[PDB]
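Down below is the structure, laid out as structure tokens.
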Amino acid sequence: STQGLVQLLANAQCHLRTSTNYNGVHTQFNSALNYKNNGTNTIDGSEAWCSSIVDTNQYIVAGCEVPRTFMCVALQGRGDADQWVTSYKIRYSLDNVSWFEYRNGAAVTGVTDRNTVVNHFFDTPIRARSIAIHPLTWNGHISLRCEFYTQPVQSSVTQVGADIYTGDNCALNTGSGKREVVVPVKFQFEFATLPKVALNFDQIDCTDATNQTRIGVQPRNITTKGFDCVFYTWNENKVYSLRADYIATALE
Amino acid sequence: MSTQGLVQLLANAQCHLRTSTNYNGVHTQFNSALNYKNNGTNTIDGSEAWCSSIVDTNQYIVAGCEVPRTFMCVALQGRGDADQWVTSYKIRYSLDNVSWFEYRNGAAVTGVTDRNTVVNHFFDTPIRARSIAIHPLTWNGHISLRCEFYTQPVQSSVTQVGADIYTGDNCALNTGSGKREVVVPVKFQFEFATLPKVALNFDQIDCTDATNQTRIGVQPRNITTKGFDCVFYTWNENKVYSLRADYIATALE
Amino acid sequence: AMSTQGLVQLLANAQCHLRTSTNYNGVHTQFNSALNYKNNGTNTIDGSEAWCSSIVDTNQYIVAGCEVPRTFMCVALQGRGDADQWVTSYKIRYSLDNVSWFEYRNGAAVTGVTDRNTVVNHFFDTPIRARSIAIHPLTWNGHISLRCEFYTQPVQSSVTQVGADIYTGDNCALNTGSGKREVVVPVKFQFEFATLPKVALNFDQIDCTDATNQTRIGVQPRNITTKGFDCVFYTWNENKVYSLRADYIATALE
Ligand SMILES: CC(=O)N[C@H]1[C@H](O[C@@H]2[C@@H](O)[C@H](O)O[C@H](CO)[C@@H]2O)O[C@H](CO)[C@H](O)[C@@H]1O
Ligand SMILES: CC(=O)N[C@H]1[C@H](O[C@@H]2[C@@H](O)[C@H](O)O[C@H](CO)[C@@H]2O)O[C@H](CO)[C@H](O)[C@@H]1O
Ligand SMILES: CC(=O)N[C@H]1[C@H](O[C@@H]2[C@@H](O)[C@H](O)O[C@H](CO)[C@@H]2O)O[C@H](CO)[C@H](O)[C@@H]1O
Ligand SMILES: [Ca+2]
Ligand SMILES: [Ca+2]
Ligand SMILES: [Ca+2]
């Protein structure tokens, strides 16, 4: 059901803040879906995050700095004792300034035992940075393991460079046939992966040839460090000058 | 009111928190958020503060963000359940996480004078940083605190560049009269999470004037999260042999 | 320090979330995992100078997760500061998309440490591009206890805004007169950038008259600030320009 989605807590993709922790071995360190610990030693605590205050004001918040599309939240009870959360509300924030509630704060169905996971796919996927589970009803104690499942994210880095220029009365302004003027370009910083480059006109100064305009600009020899900006014309056209801006973007 | 419109980093779980030392497993940074309160009827859940284990002028709590922020303010508060608080501190920060810097060249910032009354420090100039640290310099009783950092809201963009969308040589714009269009569907390499805006501009032009007039255009139509229709066009009596464009599509948040 | 100079120390800079398989107890957790972490040697209650697992088997791990992709150059391993416990070999696993995971060297063991405090660096055969990375201890002395660091290339963060269809209007002022002539259209970005952007501003629609067979048209930003810029459309000489349209791309760094 969750194929192709990111398991946020399993991949350590969020910070976890809780309202309260029962003690130092019942914390959010123990909150991942299917977390299991040493069943022969009591000292490592609970197979769950468990609160210290038992009321309807507790919560665990997962925060991402990069916005995510949340598809599903999975809840699970406590692995080593009969404590589990039977319903909960979801709150979330995209800008980390205003918070909203899923279903206007209505309860979502939780679990009924220690280990059987209950997935909730949100009615509409939720676009958010931070998301919180607020237990509303429970068996025994407020104790849970959980996961959030998000669409995979993509990360880009873009560099813009302005005003790459042929010069006045450039080599395109004499001769005939295919002709080019090459201007090397160095990016401000080196990209981590090979960028794609858009390179488009902002200033055109050219002569038609039997009423035809023929002008072009294209990158060549694109690397992580820069590229060659190739201005060109062809046929009998005489082009005094061309200027272009570029946009270079690398992914992941 | 003073921090209205700003992001409360710790409250929003926007940073990782590393400490120099923790008194024990119930005095950790899990207890550090401003106004954190716990079970006052049970001792086992520990302090209403992060408390260090070593008491000297070398302790700290570091908040780390991967996405750069403009830090407006840091708020300090004492320990909720005992008379322990930090009376002055210094601030260090890093933008690139290689070089670190000291706010006010390491000079002291005024802290708090009681358990619960928050003292906000707005930085003399806002600090652009990824990571930021509070280094207690003086204290009452023990090095124990709750805190918050307040940043401007961040925006996140994702950009895709696509090169060389082309009409073809001697395209349909090279015949006829009036408004004429050649449509080239474009599919982005990946689907955006939200609707992008698209810039789509010329990189090669091969066209004939009409009574000395040049008339050429290119424009996206039907932009979705998956792609768009690249519409090349001319109008009036102009004949256009070919046009080429590159696009830049960016989605926010 | 010299061998990793100029690289980002992830844990030291609090750049990652840390998830462990198990923690011995609440004072043996990943809070104690940073390279060279040292604690109160006079008081036992603050625990170990290491993350120490609760289960001692080949299924333990510590995961470092970053939301922004990094180029991982090196992993440093260190033993426990306060007891004779350390990890003698381990495997490295990682993921870029946080869906599919991969094993470094097809899961072969990487050499760990031989004592409490002497750090052993492993520079990856090829730098690893990833979001999340995990240390899986394979062999150990005494217990599974470690301090560690990951070193990455510095990251750059950009924010980009695209705005479409900035227009002179039909039959604009460039369509009369002689000499250098400009039509200025102020542009406000949808949001204010945190730092000064660079701006690409390029044509998407051209409606102009040649002059003695010459085309002379231009567009350029002026007075770029964090909030916006003036879009300056222009011609010169005897050219008459009915209209010009442009799209912009503005990007701010760090
Ligand atoms: C390669 C090239 O020049 N193609 C252009 C085409 O040019 C042709 C010449 O190749 C041909 O020899 O003579 C023609 C007139 O007799 C014309 O110059 O011109 C096309 C527009 O009609 C188009 O501009 C091609 O770029
Ligand atoms: C709709 C159109 O083609 N507008 C262009 C305008 O074209 C005009 C025609 O509308 C009119 O019928 O006849 C005129 C010549 O008498 C001319 O063709 O021309 C403008 C430039 O002068 C501009 O190019 C408009 O785009
Ligand atoms: C300043 C200018 O308009 N430069 C363009 C140049 O214009 C020259 C004039 O400088 C000169 O005074 O007169 C010439 C005609 O007799 C011509 O207009 O023309 C260049 C192309 O040949 C280019 O367009 C310059 O931008
Ligand atoms: Ca420009
Ligand atoms: Ca191109
Ligand atoms: Ca456009």
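All residue names refer to the structure tokens as shown: chains lettered A, B, ... in order, residues numbered from 1 in each chain, ligands numbered from 1 in order.
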
With 8 Å as the limit and counting only C-alpha atoms, what residues in chain C lie close to chain B? Please list them as an mmCIF file with N, CA and C atoms, in the first residue's frame.
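Once everything was written out, this is part-v9.cif:
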```cif
data_model
loop_
_atom_site.group_PDB
_atom_site.id
_atom_site.type_symbol
_atom_site.label_atom_id
_atom_site.label_comp_id
_atom_site.auth_asym_id
_atom_site.auth_seq_id
_atom_site.Cartn_x
_atom_site.Cartn_y
_atom_site.Cartn_z
ATOM 1 N N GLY C 6 38.062 21.510 5.531
ATOM 2 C CA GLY C 6 37.209 22.148 4.514
ATOM 3 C C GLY C 6 35.877 21.424 4.312
ATOM 4 N N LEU C 7 35.730 20.242 4.920
ATOM 5 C CA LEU C 7 34.515 19.450 4.785
ATOM 6 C C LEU C 7 33.577 19.776 5.946
ATOM 7 N N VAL C 8 32.273 19.542 5.746
ATOM 8 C CA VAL C 8 31.274 19.733 6.798
ATOM 9 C C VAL C 8 31.259 18.502 7.723
ATOM 10 N N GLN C 9 31.440 18.759 9.028
ATOM 11 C CA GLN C 9 31.292 17.759 10.062
ATOM 12 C C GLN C 9 29.809 17.704 10.434
ATOM 13 N N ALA C 12 28.749 17.280 14.360
ATOM 14 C CA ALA C 12 29.194 18.418 15.102
ATOM 15 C C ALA C 12 28.308 19.623 14.804
ATOM 16 N N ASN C 13 27.851 19.759 13.569
ATOM 17 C CA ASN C 13 27.067 20.899 13.145
ATOM 18 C C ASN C 13 25.555 20.687 13.289
ATOM 19 N N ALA C 14 25.183 19.557 13.871
ATOM 20 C CA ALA C 14 23.788 19.210 14.104
ATOM 21 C C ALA C 14 23.005 19.250 12.780
ATOM 22 N N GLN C 15 23.621 18.732 11.720
ATOM 23 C CA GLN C 15 23.025 18.751 10.393
ATOM 24 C C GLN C 15 22.159 17.515 10.076
ATOM 25 N N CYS C 16 22.109 16.524 10.956
ATOM 26 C CA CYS C 16 21.379 15.333 10.664
ATOM 27 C C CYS C 16 20.556 14.905 11.850
ATOM 28 N N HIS C 17 19.495 14.175 11.580
ATOM 29 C CA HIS C 17 18.761 13.423 12.634
ATOM 30 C C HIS C 17 19.465 12.104 12.803
ATOM 31 N N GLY C 26 19.052 5.341 28.812
ATOM 32 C CA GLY C 26 18.894 6.727 28.437
ATOM 33 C C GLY C 26 20.090 7.641 28.560
ATOM 34 N N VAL C 27 21.213 7.126 29.078
ATOM 35 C CA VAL C 27 22.466 7.847 29.099
ATOM 36 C C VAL C 27 23.540 7.151 28.282
ATOM 37 N N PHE C 31 22.662 10.891 21.785
ATOM 38 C CA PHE C 31 23.075 12.189 22.274
ATOM 39 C C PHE C 31 24.619 12.193 22.570
ATOM 40 N N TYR C 37 33.234 13.172 21.753
ATOM 41 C CA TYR C 37 32.336 13.435 22.868
ATOM 42 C C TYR C 37 32.977 12.979 24.183
ATOM 43 N N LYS C 38 32.990 13.872 25.151
ATOM 44 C CA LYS C 38 33.475 13.572 26.489
ATOM 45 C C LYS C 38 32.496 14.130 27.503
ATOM 46 N N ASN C 39 32.334 13.408 28.597
ATOM 47 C CA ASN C 39 31.344 13.787 29.566
ATOM 48 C C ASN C 39 31.951 13.957 30.942
ATOM 49 N N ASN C 40 31.115 13.918 31.974
ATOM 50 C CA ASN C 40 31.591 14.111 33.330
ATOM 51 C C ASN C 40 32.198 12.803 33.865
ATOM 52 N N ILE C 45 26.346 9.270 36.512
ATOM 53 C CA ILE C 45 24.924 9.283 36.077
ATOM 54 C C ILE C 45 24.705 9.801 34.676
ATOM 55 N N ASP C 46 25.699 10.477 34.127
ATOM 56 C CA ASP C 46 25.576 10.949 32.737
ATOM 57 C C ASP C 46 25.964 9.932 31.684
ATOM 58 N N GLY C 47 26.412 8.756 32.098
ATOM 59 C CA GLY C 47 26.581 7.625 31.196
ATOM 60 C C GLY C 47 27.849 7.541 30.397
ATOM 61 N N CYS C 66 19.806 13.306 6.434
ATOM 62 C CA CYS C 66 19.782 14.678 5.956
ATOM 63 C C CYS C 66 18.675 14.796 4.897
ATOM 64 N N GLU C 67 17.937 15.895 4.935
ATOM 65 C CA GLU C 67 16.883 16.136 3.985
ATOM 66 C C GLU C 67 17.414 16.690 2.689
ATOM 67 N N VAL C 68 18.607 17.256 2.725
ATOM 68 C CA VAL C 68 19.195 17.913 1.544
ATOM 69 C C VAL C 68 20.304 16.951 1.141
ATOM 70 N N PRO C 154 30.639 20.933 1.349
ATOM 71 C CA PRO C 154 29.702 22.002 1.664
ATOM 72 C C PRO C 154 28.548 21.974 0.663
ATOM 73 N N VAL C 155 27.351 22.283 1.168
ATOM 74 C CA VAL C 155 26.166 22.408 0.292
ATOM 75 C C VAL C 155 25.870 23.865 -0.022
ATOM 76 N N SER C 157 22.505 26.277 -1.210
ATOM 77 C CA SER C 157 21.045 26.257 -1.276
ATOM 78 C C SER C 157 20.637 27.459 -2.129
ATOM 79 N N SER C 158 19.793 27.241 -3.116
ATOM 80 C CA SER C 158 19.235 28.355 -3.892
ATOM 81 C C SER C 158 17.730 28.412 -3.710
ATOM 82 N N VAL C 159 17.148 29.607 -3.877
ATOM 83 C CA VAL C 159 15.699 29.786 -3.974
ATOM 84 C C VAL C 159 15.457 30.562 -5.268
ATOM 85 N N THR C 160 14.527 30.075 -6.082
ATOM 86 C CA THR C 160 14.240 30.613 -7.410
ATOM 87 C C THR C 160 12.771 31.008 -7.498
ATOM 88 N N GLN C 161 12.518 32.150 -8.144
ATOM 89 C CA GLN C 161 11.186 32.588 -8.506
ATOM 90 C C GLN C 161 11.164 32.871 -10.012
ATOM 91 N N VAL C 162 10.116 32.366 -10.664
ATOM 92 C CA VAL C 162 9.854 32.598 -12.070
ATOM 93 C C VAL C 162 8.642 33.496 -12.145
ATOM 94 N N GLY C 163 8.732 34.502 -12.989
ATOM 95 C CA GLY C 163 7.595 35.337 -13.280
ATOM 96 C C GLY C 163 7.448 35.444 -14.767
ATOM 97 N N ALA C 164 6.201 35.389 -15.212
ATOM 98 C CA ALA C 164 5.924 35.309 -16.636
ATOM 99 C C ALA C 164 5.292 36.592 -17.175
ATOM 100 N N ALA C 194 15.679 36.358 0.793
ATOM 101 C CA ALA C 194 16.452 36.620 2.003
ATOM 102 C C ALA C 194 17.746 37.328 1.677
ATOM 103 N N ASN C 202 14.431 37.473 -20.331
ATOM 104 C CA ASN C 202 14.623 37.114 -21.710
ATOM 105 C C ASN C 202 13.314 37.134 -22.501
ATOM 106 N N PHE C 203 13.431 37.331 -23.817
ATOM 107 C CA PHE C 203 12.238 37.567 -24.635
ATOM 108 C C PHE C 203 11.390 36.338 -24.867
ATOM 109 N N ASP C 204 10.085 36.512 -24.865
ATOM 110 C CA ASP C 204 9.156 35.505 -25.368
ATOM 111 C C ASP C 204 8.218 35.994 -26.463
ATOM 112 N N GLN C 205 8.187 37.316 -26.723
ATOM 113 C CA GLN C 205 7.326 37.789 -27.825
ATOM 114 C C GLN C 205 7.885 39.101 -28.335
ATOM 115 N N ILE C 206 8.120 39.151 -29.641
ATOM 116 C CA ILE C 206 8.803 40.286 -30.291
ATOM 117 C C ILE C 206 7.918 40.809 -31.432
ATOM 118 N N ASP C 207 7.629 42.115 -31.432
ATOM 119 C CA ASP C 207 6.776 42.774 -32.462
ATOM 120 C C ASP C 207 7.453 44.108 -32.790
ATOM 121 N N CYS C 208 8.348 44.085 -33.793
ATOM 122 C CA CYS C 208 9.211 45.241 -34.041
ATOM 123 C C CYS C 208 9.487 45.475 -35.533
ATOM 124 N N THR C 209 9.847 46.716 -35.852
ATOM 125 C CA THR C 209 10.155 47.141 -37.212
ATOM 126 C C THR C 209 11.652 47.294 -37.344
ATOM 127 N N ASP C 210 12.205 46.815 -38.438
ATOM 128 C CA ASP C 210 13.618 47.005 -38.706
ATOM 129 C C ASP C 210 13.871 48.459 -39.131
ATOM 130 N N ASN C 213 17.192 47.666 -42.371
ATOM 131 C CA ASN C 213 17.359 46.234 -42.230
ATOM 132 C C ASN C 213 17.928 45.745 -40.909
ATOM 133 N N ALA C 246 8.624 39.542 -22.020
ATOM 134 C CA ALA C 246 9.724 38.797 -21.437
ATOM 135 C C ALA C 246 9.262 37.986 -20.244
ATOM 136 N N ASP C 247 9.948 36.875 -19.977
ATOM 137 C CA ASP C 247 9.775 36.125 -18.705
ATOM 138 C C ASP C 247 11.053 36.318 -17.874
ATOM 139 N N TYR C 248 10.946 36.232 -16.542
ATOM 140 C CA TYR C 248 12.135 36.331 -15.699
ATOM 141 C C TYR C 248 12.323 35.108 -14.828
ATOM 142 N N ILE C 249 13.588 34.924 -14.467
ATOM 143 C CA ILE C 249 13.997 33.939 -13.493
ATOM 144 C C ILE C 249 14.950 34.581 -12.509
ATOM 145 N N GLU C 254 22.103 30.899 -0.757
ATOM 146 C CA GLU C 254 22.444 30.813 0.658
ATOM 147 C C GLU C 254 21.550 31.709 1.505
#
```

Interface, chain A side, toward chain C (6 Å; only C-alpha atoms) as a PyMOL selection string: chain A and resi 6+12-13+24-25+37-38+43-44+157-158+160+201-208+245

Given only C-alpha atoms and all ligand atoms as the counted atoms, nearest of B:225, B:105, B:194, B:174 to ligand 1: B:174

Can you check which residues of chain A have any atom within 6 Å of chain B? Use only C-alpha atoms and format it as a PDB file with C-alpha atoms, in the first residue's frame.
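part.pdb written:
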```
ATOM      1  CA  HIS A  15      13.285  15.824  14.034  1.00  0.00           C
ATOM      2  CA  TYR A  22       7.648   8.911  30.843  1.00  0.00           C
ATOM      3  CA  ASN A  23      11.388   8.772  31.472  1.00  0.00           C
ATOM      4  CA  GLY A  24      14.620   8.588  29.501  1.00  0.00           C
ATOM      5  CA  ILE A  53       1.210  13.015  31.581  1.00  0.00           C
ATOM      6  CA  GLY A  63       9.420  18.173  11.534  1.00  0.00           C
ATOM      7  CA  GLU A  65      12.667  21.489   6.757  1.00  0.00           C
ATOM      8  CA  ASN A  96       5.691  26.709  10.476  1.00  0.00           C
ATOM      9  CA  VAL A  97       3.775  29.833  11.426  1.00  0.00           C
ATOM     10  CA  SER A 156      17.457  21.353  -7.181  1.00  0.00           C
ATOM     11  CA  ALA A 198      18.843  27.392 -20.458  1.00  0.00           C
ATOM     12  CA  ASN A 200      18.224  32.783 -24.076  1.00  0.00           C
ATOM     13  CA  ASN A 211      14.341  39.741 -45.195  1.00  0.00           C
ATOM     14  CA  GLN A 212      15.402  36.785 -43.028  1.00  0.00           C
ATOM     15  CA  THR A 213      16.576  36.911 -39.435  1.00  0.00           C
ATOM     16  CA  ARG A 214      18.900  34.080 -38.404  1.00  0.00           C
ATOM     17  CA  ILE A 215      20.375  34.087 -34.860  1.00  0.00           C
ATOM     18  CA  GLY A 216      21.116  31.513 -32.218  1.00  0.00           C
ATOM     19  CA  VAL A 217      22.718  30.868 -28.901  1.00  0.00           C
TER      20      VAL A 217
END
```

Quick one: residues within 12 Å of residue A:186, only C-alpha atoms counted, chain neighbours fewer than 6 positions away excluded, as a JSON list (two decimals) with N, CA, C and O atoms, in the first residue's frame?
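Writing done, so here's part.json:
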```json
[["chain", "number", "residue", "atom", "x", "y", "z"],
["A", 159, "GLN", "N", 21.74, 28.27, -10.56],
["A", 159, "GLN", "CA", 22.55, 29.44, -10.69],
["A", 159, "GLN", "C", 22.11, 30.22, -11.94],
["A", 159, "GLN", "O", 22.00, 29.66, -13.03],
["A", 160, "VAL", "N", 21.92, 31.51, -11.75],
["A", 160, "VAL", "CA", 21.62, 32.46, -12.85],
["A", 160, "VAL", "C", 22.85, 33.31, -13.14],
["A", 160, "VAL", "O", 23.54, 33.79, -12.21],
["A", 161, "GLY", "N", 23.16, 33.51, -14.41],
["A", 161, "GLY", "CA", 24.25, 34.41, -14.79],
["A", 161, "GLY", "C", 23.74, 35.31, -15.88],
["A", 161, "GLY", "O", 23.01, 34.86, -16.77],
["A", 162, "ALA", "N", 24.12, 36.59, -15.79],
["A", 162, "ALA", "CA", 23.54, 37.58, -16.65],
["A", 162, "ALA", "C", 24.52, 38.10, -17.66],
["A", 162, "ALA", "O", 25.72, 38.20, -17.35],
["A", 164, "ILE", "N", 25.88, 37.59, -20.81],
["A", 164, "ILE", "CA", 26.94, 37.02, -21.60],
["A", 164, "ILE", "C", 26.82, 37.68, -22.99],
["A", 164, "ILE", "O", 25.75, 37.70, -23.59],
["A", 221, "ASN", "N", 29.81, 22.04, -24.16],
["A", 221, "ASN", "CA", 30.81, 21.62, -23.17],
["A", 221, "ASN", "C", 30.38, 21.95, -21.74],
["A", 221, "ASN", "O", 31.14, 22.53, -20.97],
["A", 222, "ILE", "N", 29.13, 21.63, -21.43],
["A", 222, "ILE", "CA", 28.61, 21.89, -20.10],
["A", 222, "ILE", "C", 29.31, 20.92, -19.14],
["A", 222, "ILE", "O", 29.36, 19.71, -19.41],
["A", 223, "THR", "N", 29.86, 21.47, -18.06],
["A", 223, "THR", "CA", 30.42, 20.69, -16.95],
["A", 223, "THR", "C", 29.79, 21.16, -15.64],
["A", 223, "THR", "O", 29.03, 22.10, -15.64],
["A", 224, "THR", "N", 30.15, 20.55, -14.51],
["A", 224, "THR", "CA", 29.80, 21.10, -13.23],
["A", 224, "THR", "C", 30.36, 22.48, -12.93],
["A", 224, "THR", "O", 29.85, 23.14, -12.04],
["A", 225, "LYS", "N", 31.41, 22.93, -13.66],
["A", 225, "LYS", "CA", 32.12, 24.17, -13.43],
["A", 225, "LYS", "C", 31.75, 25.34, -14.32],
["A", 225, "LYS", "O", 31.87, 26.50, -13.93],
["A", 226, "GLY", "N", 31.23, 25.03, -15.50],
["A", 226, "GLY", "CA", 30.83, 26.07, -16.43],
["A", 226, "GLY", "C", 30.43, 25.51, -17.77],
["A", 226, "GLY", "O", 30.15, 24.32, -17.92],
["A", 227, "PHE", "N", 30.47, 26.37, -18.79],
["A", 227, "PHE", "CA", 30.17, 25.97, -20.14],
["A", 227, "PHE", "C", 30.69, 27.00, -21.13],
["A", 227, "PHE", "O", 31.12, 28.04, -20.73],
["A", 228, "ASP", "N", 30.67, 26.67, -22.42],
["A", 228, "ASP", "CA", 30.96, 27.64, -23.47],
["A", 228, "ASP", "C", 29.64, 28.15, -24.05],
["A", 228, "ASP", "O", 28.79, 27.37, -24.49],
["A", 229, "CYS", "N", 29.45, 29.48, -24.03],
["A", 229, "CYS", "CA", 28.30, 30.10, -24.63],
["A", 229, "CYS", "C", 28.56, 30.37, -26.10],
["A", 229, "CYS", "O", 29.45, 31.18, -26.41],
["A", 246, "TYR", "N", 21.71, 33.21, -18.66],
["A", 246, "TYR", "CA", 21.60, 31.78, -18.48],
["A", 246, "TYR", "C", 21.04, 31.39, -17.15],
["A", 246, "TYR", "O", 21.11, 32.14, -16.16],
["A", 248, "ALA", "N", 21.16, 27.75, -14.98],
["A", 248, "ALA", "CA", 21.72, 26.43, -14.88],
["A", 248, "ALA", "C", 21.21, 25.76, -13.63],
["A", 248, "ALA", "O", 21.30, 26.35, -12.57]]
```

Within 10 Å of residue A:49 using only C-alpha atoms, minus same-chain residues under 2 positions, as a ChimeraX atom specification: /A:18,20-23,25-32,45-47,51-52,60,77-78,142-146

Distance query residue A:131 at most 7 Å, only C-alpha atoms, self and fewer than 6 positions along chain excluded, as a list in words: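 In the requested format, the answer is residues 61, 62, 63, 91, 92 and 93 of chain A.
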
Which of stretch 39-227 of chain A DSSP labels helix (DSSP H, G or I), written as a PyMOL selection string: chain A and resi 42-44+102-105+171-173

Two-atom distance - atom CA of residue C:143, atom CA of residue C:111 (Å): 16.5 Å

Leaving out residue B:82 and any residue of its chain fewer than 3 positions from it, which residues lie within 10 Å of it when counting only C-alpha atoms, given as a short mmCIF file (atom, residue, chain, number, x, y, z; two decimals) with N, CA, C and O atoms, in the first residue's frame?
```cif
data_model
loop_
_atom_site.label_atom_id
_atom_site.label_comp_id
_atom_site.auth_asym_id
_atom_site.auth_seq_id
_atom_site.Cartn_x
_atom_site.Cartn_y
_atom_site.Cartn_z
N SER B 47 13.73 17.20 34.54
CA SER B 47 13.71 18.66 34.67
C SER B 47 12.89 19.33 33.59
O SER B 47 12.79 18.85 32.46
N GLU B 48 12.37 20.49 33.92
CA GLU B 48 11.75 21.39 32.92
C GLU B 48 12.83 22.32 32.35
O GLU B 48 12.81 23.55 32.50
N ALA B 49 13.79 21.69 31.70
CA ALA B 49 14.96 22.34 31.12
C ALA B 49 15.88 21.26 30.57
O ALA B 49 15.85 20.09 30.97
N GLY B 78 14.47 30.12 32.20
CA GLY B 78 15.08 29.27 33.25
C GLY B 78 14.43 27.90 33.30
O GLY B 78 13.57 27.58 32.51
N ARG B 79 14.84 27.12 34.29
CA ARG B 79 14.29 25.82 34.56
C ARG B 79 12.95 26.00 35.31
O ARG B 79 12.89 26.79 36.25
N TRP B 85 19.01 28.78 36.36
CA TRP B 85 18.86 29.58 35.13
C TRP B 85 20.17 30.17 34.69
O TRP B 85 21.12 30.25 35.45
N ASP B 114 15.11 34.51 36.63
CA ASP B 114 14.12 33.70 37.35
C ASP B 114 13.76 32.43 36.54
O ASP B 114 14.31 32.22 35.47
N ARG B 115 12.88 31.60 37.05
CA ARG B 115 12.57 30.32 36.40
C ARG B 115 11.87 30.47 35.05
O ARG B 115 12.19 29.74 34.11
N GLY B 141 22.75 28.66 40.19
CA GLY B 141 22.49 27.30 40.63
C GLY B 141 23.10 26.21 39.76
O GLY B 141 23.88 25.35 40.25
N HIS B 142 22.75 26.21 38.47
CA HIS B 142 23.20 25.17 37.53
C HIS B 142 23.00 25.73 36.12
O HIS B 142 22.23 26.67 35.96
N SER B 144 21.08 25.39 33.27
CA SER B 144 19.77 24.81 33.00
C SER B 144 18.99 25.85 32.24
O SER B 144 18.95 27.05 32.64
#
```

DSSP strand (DSSP E) residues within stretch 105-188 of chain A, as number ranges by chain: A: 108-109, 118-139, 143-150, 156-165, 179-186

Contact residues around residue B:134 with only C-alpha atoms at 12 Å, ignoring same-chain residues under 5 positions, as a PyMOL selection string: chain B and resi 17-20+50+57-64+74-76+86+88-93+102-103+106+108-111+121+143-149

Under the rule of at most 9 Å, produce a per-residue listing of chain A near ligand 1: chain, number, name, the closest pair of atoms, and the distance in Å, as JSON lines, using only C-alpha atoms and all ligand atoms.
```
{"residue": "A:177", "atom": "CA", "partner": "ligand 1", "partner_atom_place_in_ligand_line": "3 (O)", "distance": 7.3}
{"residue": "A:178", "atom": "CA", "partner": "ligand 1", "partner_atom_place_in_ligand_line": "1 (C)", "distance": 8.2}
{"residue": "A:209", "atom": "CA", "partner": "ligand 1", "partner_atom_place_in_ligand_line": "18 (O)", "distance": 8.4}
{"residue": "A:210", "atom": "CA", "partner": "ligand 1", "partner_atom_place_in_ligand_line": "18 (O)", "distance": 8.0}
{"residue": "A:212", "atom": "CA", "partner": "ligand 1", "partner_atom_place_in_ligand_line": "24 (O)", "distance": 6.3}
{"residue": "A:213", "atom": "CA", "partner": "ligand 1", "partner_atom_place_in_ligand_line": "24 (O)", "distance": 7.4}
{"residue": "A:214", "atom": "CA", "partner": "ligand 1", "partner_atom_place_in_ligand_line": "24 (O)", "distance": 6.5}
{"residue": "A:234", "atom": "CA", "partner": "ligand 1", "partner_atom_place_in_ligand_line": "3 (O)", "distance": 6.0}
{"residue": "A:235", "atom": "CA", "partner": "ligand 1", "partner_atom_place_in_ligand_line": "3 (O)", "distance": 4.2}
{"residue": "A:236", "atom": "CA", "partner": "ligand 1", "partner_atom_place_in_ligand_line": "3 (O)", "distance": 7.7}
```

Residue nearest ligand 2 among B:179, B:187, B:226, B:221 (counting only C-alpha atoms and all ligand atoms): B:179
